[PDB]
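Q: Just dropping this structure here.
Cβ placement follows ideal geometry from the backbone for every residue including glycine, while neighbour counts extend to all protein chains displayed. Bear in mind these aren't lab numbers, they're just calculated from the coordinates by the rules spelled out.
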Amino acid sequence: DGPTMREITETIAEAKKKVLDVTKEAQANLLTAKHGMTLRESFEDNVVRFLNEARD
Amino acid sequence: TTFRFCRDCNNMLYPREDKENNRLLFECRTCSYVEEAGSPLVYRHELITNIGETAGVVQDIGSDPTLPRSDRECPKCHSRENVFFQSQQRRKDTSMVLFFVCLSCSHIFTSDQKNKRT
Amino acid sequence: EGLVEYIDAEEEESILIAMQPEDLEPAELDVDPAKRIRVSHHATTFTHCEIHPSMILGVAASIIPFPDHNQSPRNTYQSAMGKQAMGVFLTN
Amino acid sequence: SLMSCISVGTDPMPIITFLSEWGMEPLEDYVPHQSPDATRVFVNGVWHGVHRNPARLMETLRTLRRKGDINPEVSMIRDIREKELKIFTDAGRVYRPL
Amino acid sequence: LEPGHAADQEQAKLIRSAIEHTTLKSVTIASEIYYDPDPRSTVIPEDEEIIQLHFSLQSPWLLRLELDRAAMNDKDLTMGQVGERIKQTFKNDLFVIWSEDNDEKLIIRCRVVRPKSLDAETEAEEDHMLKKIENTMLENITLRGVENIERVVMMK
Amino acid sequence: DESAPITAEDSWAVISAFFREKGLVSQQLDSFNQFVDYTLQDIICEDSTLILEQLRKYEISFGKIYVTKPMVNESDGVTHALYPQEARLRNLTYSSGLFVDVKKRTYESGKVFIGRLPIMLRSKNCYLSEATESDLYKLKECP
Amino acid sequence: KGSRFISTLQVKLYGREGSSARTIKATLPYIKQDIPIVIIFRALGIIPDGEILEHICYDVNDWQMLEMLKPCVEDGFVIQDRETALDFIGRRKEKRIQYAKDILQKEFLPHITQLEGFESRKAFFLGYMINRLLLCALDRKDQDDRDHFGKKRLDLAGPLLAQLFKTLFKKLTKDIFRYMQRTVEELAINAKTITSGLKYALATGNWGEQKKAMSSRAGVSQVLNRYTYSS
Amino acid sequence: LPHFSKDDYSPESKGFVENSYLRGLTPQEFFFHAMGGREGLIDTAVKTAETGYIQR
Amino acid sequence: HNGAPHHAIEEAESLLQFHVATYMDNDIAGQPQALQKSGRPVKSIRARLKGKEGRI
RNA sequence: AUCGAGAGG
DNA sequence: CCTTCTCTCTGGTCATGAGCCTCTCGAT
DNA sequence: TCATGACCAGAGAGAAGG
Ligand SMILES: [Zn+2]
Ligand SMILES: [Zn+2]
């Protein structure tokens, strides 16, 4: 129903905003290079995790 | 580093030591040319490089429609007409920092905040 | 008359294609919740526009109804099976 | 795909002649340190020289192709940040209208 | 971890640093070669303090390495450890000094010394030999860690 | 009104015009027409000339090529036009003939037959490229 | 056009990733052992090292690529003129120089030209290939993608028929010439050759002349599927 | 895709389908989904022969 | 018994051994594959019983 | 019989 | 030092293989 | 087609001599 689709699309929009925030944070070299992986790897993992969270 | 050649043969010069005066000379092995060194640096080897990250910046950059236009202003001329791209360097451990080029004054600036060089 | 142009794979690496001519309309809500979600173009330096995105399909897949609502392996399977359906192959 | 067509093959000689008559400096007269910001020019994967101010050349070539004075199935690619201009009249390249 | 020594990420990090392989190449930024014949004074205005703090108690070719702060801090490494490792490598066949952890730049200055004729005069080896020495320093210098363990992660 | 921008519906018009001029197998037909009109002659004029030296010199060279319309030679019969339906029924090969202009020069000849080339249907040498829908029906070919 | 035979030029960076001796050698068609690039350049009439590097590094303020090229010049230092470069050749005196001269215009970059007196174009193109190689080795440009469609060509009916017809016409010509040799004291054109070869290829789908392996391309010609119109 | 500007690490640019099968996929989403499903088809094609050799 | 030269016997042996080999095994390192009529490789006793379609 | 192509689960 | 031998890991070419079963047609 | 053990001469470590 309408309410549920509204909540779904708002969830997807908030996930998109989360990914945008992480991307801009990475663009300013403000990423913590945690041990054992590059910055790009951390960024990719964060974005993939966010999108899977949103889908589920 | 720089590189110099013999004026007569146009072949590369090799370092030699003027032992008695402790001088640095660049000699040729084609002819008997020898010149005075203008820099003590003889060999540089970068393992981490910032060269080529802004490669391929030509004045016609504004006519590449595949490149994205941002909304930032130029620190020099304050023109919001600018393009940007990520580091052209293709090493796997490369910062995801944006380089902007102004379409009004050809000035290259950066989204980086942890440092600001060149 | 310079209205349509042939583009190969190497050339389109230097262009920015639009999906619909509506992407050339100026932007300035009450959207149908049933319509699919189309993101804004967020690109303006267009050089070409697709004739119709449905032209990315072949002969077989062009028979499928609503292939945009199907898991893609099912579309592959249907493209494989349509070549085995019975019918009038030629009038003569 | 439906609108997918395939290149048939064209003669490159008129293209090269038109190049050499519109500022495409030949390769033996290419002074790299005296013309550093020069765009290389390829015709079917063969380097035929360099060219300066290639935006005008690219506009002229696209105007000719969109007119018919060049075979529409010829591909003309200006890579800017690489300073290259590659022209293919090869046979067997897959294209589509736009 | 050692039985009972679990639930202590301090010793966990210590073991991780002790086991993860670390080469000299992983911390170097650039490796330069200069002709710097005067030991008491360098042509480089930056290394002055380095030789100024060197007054306690060869070859004019200088091999100068710059190190990355991020690579030194992601690990637990001080310039003294790197210097002691490079000195342990060649066993007095070259002179080595370095900067301190407080300076804006992390530098290591090395010179060659031949025992036969460099103890009485300043004879210079072929600069082609310092290239091979730099190759051995960047490829065959084991700072710490173990042979093939090129990465270590702490998990709970 | 004349210069107003198009909509997504009008695109279909263009698509229609695309096929009314190309059909669906334009690739095959264009490749084969290019092969017959141009490539064949180039292959013929490539190192064609032959030289034999005795004490004189005899030279044999090939000139322009000619590609007939598809015909067929019946044994105990004569050459006559071959249409596709007859080829598919009689297990024939819808091939036309090749004739080269050969000339013999000496030191200090008419058209010659070299073989038959199979013809792609609806190419510039196929009888159906110029055929009307009614002509197709009379030739027992599906439009 | 003509004999579309393939010559595979390989410019190999023999230096390992972290090792020294970053030499750059080249593979020549009829030459056993790889050849350093500077010897090939001086064989092409480009003697000075500065001119060689100008043919490779198209910018003066690019010292990384030039420093990469130093071992090549130190490798080719032993040869300093053109005839000495041509003398470095793999065979079983003066004939080796001519063999090298012939290879450098017949088998070396034949797509450029096979006419003698065009060494500048080939030298510049070799420098271009070396520049691309070093742009890759310096992690400045990414490895060339192989599955990019623009690098792919679709041989359609035209090219396949041409590949077959060139062979068939060559066989016909050889038969005609052998007949002329056989007719030294006295129209003998077996048209069955061309027709039969074309029909065999178009029927069996084996694109060749009664061969199995040399005509490894099988299934080129297939029975038209007439089950349904869309099929 | 040539319909995106260069260096676009956006969710939709790199294969996130925010629509449902019920709602319908966009052309870019369609192509990315087909690209993903082809990988599964190829894995199903190859793992069969590999597992056949293993079982034998 | 004809009194042949010393190196025509070389040819006789290079043919006899080759034929006996190809009759035993036709696919070997020697580039000659002993093609039969119509360019077909001669089926050897080895390949006769070797393989999934083989005898065993 | 061989060789090959296409197709099904 | 330097040979000289006596076994030595070290470097390289080579053989070998690649899912069952089933259907149809086509050319020699 | 192509990766990968399984091999199998040649350069190559020591010990022993010289
Ligand atoms: Zn000189
Ligand atoms: Zn500005």
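Q: What pairs come up if the first residue lies in segment G:179-192 and is more than 10 Å from chain F (Cβ to nearest Cβ), the second is among the hydroxyl-bearing types (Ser, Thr, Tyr), and their beta carbons are under 9 Å apart, counting only those six or more places apart or on different chains?
A: From residues that are more than 10 Å from chain F (Cβ to nearest Cβ), the pairs are G:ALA188/G:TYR179.
One line per residue, one yes/no per condition, for (1) under 17 Å from the mean Cα position of the chain (by Cα); (2) away from chain A (no Cβ under 11 Å); (3) among the charged types (D, E, K, R); (4) farther than 21 Å from E:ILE29 by Cβ:
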{"site": "B:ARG72", "(1), (2), (3), (4)": "no, yes, yes, yes"}
{"site": "B:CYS77", "(1), (2), (3), (4)": "no, yes, no, yes"}
{"site": "B:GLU81", "(1), (2), (3), (4)": "no, yes, yes, yes"}
{"site": "B:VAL97", "(1), (2), (3), (4)": "no, no, no, no"}
{"site": "B:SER106", "(1), (2), (3), (4)": "yes, yes, no, yes"}
{"site": "B:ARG117", "(1), (2), (3), (4)": "yes, yes, yes, no"}
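Q: Going residue by residue through segment G:163-170, is there one that turns out to be under 27 Å from F:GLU59 (Cα atoms) and within 16 Å of DNA strand K (Cβ to nearest atom)?
A: Applying the first criterion (under 27 Å from F:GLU59 (Cα atoms)) to segment G:163-170 yields G:163-170.
With within 16 Å of DNA strand K (Cβ to nearest atom) added as a condition, the list becomes G:164, G:168.
Scanning segment G:163-170 turns up at least one residue that is under 27 Å from F:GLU59 (Cα atoms) and within 16 Å of DNA strand K (Cβ to nearest atom).
Q: Taking the condition of being more than 9 Å from chain D (Cβ to nearest Cβ) and either touching a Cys at 6+ places or on another chain (Cβ under 7 Å) or surrounded by fewer than 17 Cβ atoms within 10 Å (Cβ to Cβ) (or both), how many residues in segment B:48-62 meet it? Spell out the reasoning first.
A: Start the filter on segment B:48-62 by keeping residues that are more than 9 Å from chain D (Cβ to nearest Cβ), which leaves B:48-54, B:62.
Still in the list and also either touching a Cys at 6+ places or on another chain (Cβ under 7 Å) or surrounded by fewer than 17 Cβ atoms within 10 Å (Cβ to Cβ) (or both): B:48-51, B:54.
Result for segment B:48-62: 5.
Q: Continuing with this model, one more query. If I ask for residues that are among the small types (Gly, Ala, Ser) and more than 22 Å from G:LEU109 (Cβ to Cβ), which ones from segment D:10-53 would you list?
A: D:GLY23, D:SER35
Q: Next up: Checking C:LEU29 against (1) in a loop (DSSP other than H, G, I, E, B); (2) surrounded by 12 or more Cβ atoms within 10 Å (Cβ to Cβ), which single condition isn't satisfied?
A: (2)
Q: If you check H:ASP8, H:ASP43, which single one turns out to be over 27 Å from A:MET5 (Cβ atoms) and part of a loop (DSSP other than H, G, I, E, B)? Show your work before the answer.
A: Working: H:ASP43 fails: part of a loop (DSSP other than H, G, I, E, B).
Among H:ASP8, H:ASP43, only H:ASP8 is over 27 Å from A:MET5 (Cβ atoms) and part of a loop (DSSP other than H, G, I, E, B).
Q: Scan F:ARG116, F:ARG105 and give me the residue that is outside any loop (DSSP other than H, G, I, E, B), charged (D, E, K, R) and over 19 Å from the mean Cα position of the chain (by Cα).
A: The conditions single out F:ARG105.
Q: List, please: which pairs have Cβ atoms under 7 Å, are six or more places apart or on different chains, and start with a residue in segment C:36-52 that is within 15 Å of B:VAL83 (Cα to Cα) and end with one that is in a loop (DSSP other than H, G, I, E, B) and polar (S, T, N, Q)?
A: Listed by first residue and then by second, the contacts come to C:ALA43/H:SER5.
Q: Somewhere in segment G:80-91, is a residue within 23 Å of D:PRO32 (Cβ to Cβ), within 19 Å of the chain's Cα centre (by Cα) and among the small types (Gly, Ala, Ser)?
A: Filtering segment G:80-91 down to residues within 23 Å of D:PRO32 (Cβ to Cβ) leaves G:80, G:82, G:85.
Keeping just the survivors that are within 19 Å of the chain's Cα centre (by Cα) gives none.
Scanning segment G:80-91, I find no residue that is within 23 Å of D:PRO32 (Cβ to Cβ), within 19 Å of the chain's Cα centre (by Cα) and among the small types (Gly, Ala, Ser), so the answer is no.
Q: For residues that are assigned to a helix (DSSP H, G or I) and acidic (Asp, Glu), scanning just segment G:98-131, find the one that is surrounded by the most Cβ atoms within 10 Å (Cβ to Cβ). Steps first, answer last, please.
A: Of the residues in segment G:98-131, the ones assigned to a helix (DSSP H, G or I) are G:98-106, G:119-131.
From what's left, acidic (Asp, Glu): G:102, G:119.
Working: G:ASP102: 13, G:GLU119: 18.
The qualifying residue surrounded by the most Cβ atoms within 10 Å (Cβ to Cβ) is G:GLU119.
Q: Moving on. So which residues in segment G:80-97 are loosely packed, with under 13 Cβ neighbours inside 10 Å, of a type outside the set (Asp, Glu) and assigned to a loop (DSSP other than H, G, I, E, B)?
A: Residues satisfying the conditions are G:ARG91, G:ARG92, G:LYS93.
Residue-by-condition table, conditions (1) surrounded by 13 or more Cβ atoms within 10 Å (Cβ to Cβ); (2) farther than 22 Å from A:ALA13 by Cα:
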residue: H:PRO2; (1), (2): yes, yes
residue: H:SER10; (1), (2): yes, no
residue: H:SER13; (1), (2): yes, no
residue: H:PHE32; (1), (2): yes, no
residue: H:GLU39; (1), (2): no, yes
residue: H:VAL46; (1), (2): no, yes
residue: H:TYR53; (1), (2): no, yes
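Q: For G:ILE31, state whether it is outside any strand (DSSP E or B) and either on the phi > 0 side of the Ramachandran plot or under 16 Å from the mean Cα position of the chain (by Cα) (or both). Even if it seems obvious, please write down each step before you answer.
A: Working: outside any strand (DSSP E or B): yes; either on the phi > 0 side of the Ramachandran plot or under 16 Å from the mean Cα position of the chain (by Cα) (or both): yes.
For G:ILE31, the condition - outside any strand (DSSP E or B) and either on the phi > 0 side of the Ramachandran plot or under 16 Å from the mean Cα position of the chain (by Cα) (or both) - is met.
Q: Moving on to the next point. Can you tell me which residue among C:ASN75, C:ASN92 is in contact with a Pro (Cβ under 7 Å, 6 or more places away or on another chain), more than 16 Å from ligand 1 (Cβ to nearest atom) and more than 30 Å from B:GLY62 (Cβ to Cβ)?
A: Working: C:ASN92 fails: in contact with a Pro (Cβ under 7 Å, 6 or more places away or on another chain).
Criteria check complete, one pass: C:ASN75.
Q: I would also like to ask the following. Among the numbered criteria (1) touching a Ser or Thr at 6+ places or on another chain (Cβ under 7 Å); (2) of a type in the set (A, V, I, L, M); (3) surrounded by fewer than 16 Cβ atoms within 10 Å (Cβ to Cβ), which one does E:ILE15 miss?
A: Unmet for E:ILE15, out of (1) touching a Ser or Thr at 6+ places or on another chain (Cβ under 7 Å); (2) of a type in the set (A, V, I, L, M); (3) surrounded by fewer than 16 Cβ atoms within 10 Å (Cβ to Cβ): (1).
Q: Still on this structure: Among the numbered criteria (1) assigned to a loop (DSSP other than H, G, I, E, B); (2) closer than 25 Å to D:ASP69 by Cα, which one does C:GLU13 miss?
A: (1)
Q: Just need a number here: residues in segment I:21-56 that are in a helix (DSSP H, G or I) and either surrounded by fewer than 10 Cβ atoms within 10 Å (Cβ to Cβ) or within 16 Å of ligand 2 (Cβ to nearest atom) (or both).
A: Here is the first cut: in segment I:21-56, the residues in a helix (DSSP H, G or I) are I:21-24, I:37-39, I:45-49.
From the residues that got through so far, the ones that are either surrounded by fewer than 10 Cβ atoms within 10 Å (Cβ to Cβ) or within 16 Å of ligand 2 (Cβ to nearest atom) (or both) too are I:37-38.
Residues flagged as in a helix (DSSP H, G or I) and either surrounded by fewer than 10 Cβ atoms within 10 Å (Cβ to Cβ) or within 16 Å of ligand 2 (Cβ to nearest atom) (or both) within segment I:21-56 amount to 2.
Q: Can you find, within segment H:41-56, the residue that is farthest from ligand 1 (Cβ to nearest atom) among those that are small (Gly, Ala, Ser) and over 18 Å from the mean Cα position of the chain (by Cα)? Steps first, answer last, please.
A: Initially, segment H:41-56 is screened for residues small (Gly, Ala, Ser), giving H:45, H:49, H:52.
Filter once more, so that each one left must be over 18 Å from the mean Cα position of the chain (by Cα): H:49, H:52.
Values: H:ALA49: 65, H:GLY52: 69 Å.
Here the answer is H:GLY52.
Q: If we keep just the residues of segment C:57-70 that are under 16 Å from H:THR26 (Cβ atoms) and in contact with a helix residue (DSSP H, G or I) (Cβ under 7 Å, 6 or more places away or on another chain), which is farthest from the other protein chains (Cβ to nearest Cβ)?
A: Out of the qualifying residues, it is C:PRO67.
Q: Here are the criteria: (1) touching a strand residue (DSSP E or B) at 6+ places or on another chain (Cβ under 6 Å); (2) under 30 Å from E:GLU125 (Cα atoms); (3) at the interface with another protein chain (Cβ under 9 Å from one of its Cβ atoms). Tell me which single one B:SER111 does not satisfy.
A: Here B:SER111 meets the rest and fails (2).
Q: Scan segment B:1-14 and tell me whether some residue there is within 29 Å of C:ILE15 (Cα to Cα), of a type outside the set (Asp, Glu) and within 14 Å of chain D (Cβ to nearest Cβ). Before you say what the answer is, go through the steps one by one.
A: Kept after step one, since they are within 29 Å of C:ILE15 (Cα to Cα), are these residues of segment B:1-14: none.
Checked against the condition, which is being within 29 Å of C:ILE15 (Cα to Cα), of a type outside the set (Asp, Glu) and within 14 Å of chain D (Cβ to nearest Cβ), segment B:1-14 yields no hits at all.
Q: Would you check if G:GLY208 is crowded, with 18+ Cβ neighbours inside 10 Å and away from chain F (no Cβ under 11 Å)? Give the derivation first.
A: Working: crowded, with 18+ Cβ neighbours inside 10 Å: yes; away from chain F (no Cβ under 11 Å): yes.
Considered against the rule, which asks whether it is crowded, with 18+ Cβ neighbours inside 10 Å and away from chain F (no Cβ under 11 Å), G:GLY208 comes out as yes.
Q: Could you check segment C:79-92 and list, in sequence order, the residues that are surrounded by 15 or more Cβ atoms within 10 Å (Cβ to Cβ) and within 13 Å of chain H (Cβ to nearest Cβ)? Outline the logic, then answer.
A: Here is the first cut: in segment C:79-92, the residues surrounded by 15 or more Cβ atoms within 10 Å (Cβ to Cβ) are C:79, C:82.
Of everything in segment C:79-92, just one residue is surrounded by 15 or more Cβ atoms within 10 Å (Cβ to Cβ) and within 13 Å of chain H (Cβ to nearest Cβ), namely C:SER79.
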